[PDB]
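Read the single chain below, which is given as structure tokens and is the form deposited in one PDB entry.
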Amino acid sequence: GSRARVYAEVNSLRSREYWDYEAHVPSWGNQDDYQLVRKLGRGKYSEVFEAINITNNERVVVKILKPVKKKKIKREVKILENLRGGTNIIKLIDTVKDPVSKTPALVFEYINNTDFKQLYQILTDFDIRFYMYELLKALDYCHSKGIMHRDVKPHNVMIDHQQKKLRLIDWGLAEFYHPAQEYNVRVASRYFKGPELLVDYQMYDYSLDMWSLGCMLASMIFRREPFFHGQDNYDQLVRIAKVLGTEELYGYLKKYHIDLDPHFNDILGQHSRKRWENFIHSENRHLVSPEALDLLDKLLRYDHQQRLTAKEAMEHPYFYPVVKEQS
């Protein structure tokens, strides 16, 4: 069946230890070197704190991992090891445990994040190009390392808008890509789930992340965040189909032999494919260009195999102004 157009065999070409995360044995340092200063957030798998390393005064973030099999912990740790030094990937400083309870935690570099809801209403055209280019560097890097992030969304994209620093965080849903492998579709935030997930197509690849990135680009240039605002996973696909079109959805399903859950029959309706220019109005016109729309059109495609790769996206004319500034 389906495979990635890029980096398809890269894990098969590496040593097994690279991708056999169940066999990984982390070295767990001592969490007692860190003083927790403030809670930043919590989710189903972790709680995150700002902290200080008392031995060297470094400000960090500590992600204390909630009870889960050690398998998911080893996965995230091994992925982060493999991504060491990757451009715009959050830096893992250490893997530590409370030395009595043995509860594990991950220590990351600090980023002075600007809350994205505030940020995404004040970005300039050049800012959007710049930050999308920076995020693409992280995705091209992880994809080249054989890893799908599977949870790309604004929260997971820390941006320090003063220092112009971007980091892709929270690798707890990330997996290794292996050709023909069937993956769990219960990944990503609703609003950033690709159509493949919503139609229960398990043989997905790095291109899932490119759908999510496209959703972010749409939200930035159009100032509608999130761009596709489903009420549940079923409605999420309806929201997509009202833009990309229903006949076009059916062509995708037919190509990949995808079985459609019959609950969709009652809710998808009939929708023409919309022109991306339909989303332009006076509040967003200064962020939208022909180049932006061309790029977006090539990301927000049903057919995962037809989406741009991260590299192809980086190579698009939309980013020429950014490349020129960075050269």
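Quick note: we count residues from 1 along the sequence shown, nothing fancier. Here, rigid core means the biggest group of C-alpha atoms that superpose within 1.5 Å across both forms.
Below: the form deposited in another entry, not depicted.
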After superposing on the rigid core, which residue among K298, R42, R59, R275 shows a C-alpha displacement of 2 Å or more between the shown form and the other one? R42
Change in CA distance between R42 and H161 in the other entry, which is 3 Å or more, as closer or farther: closer
Given a change of 3 Å or more, say if the Cα atoms of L92 and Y45 sit closer or farther in the other entry than in this form. farther
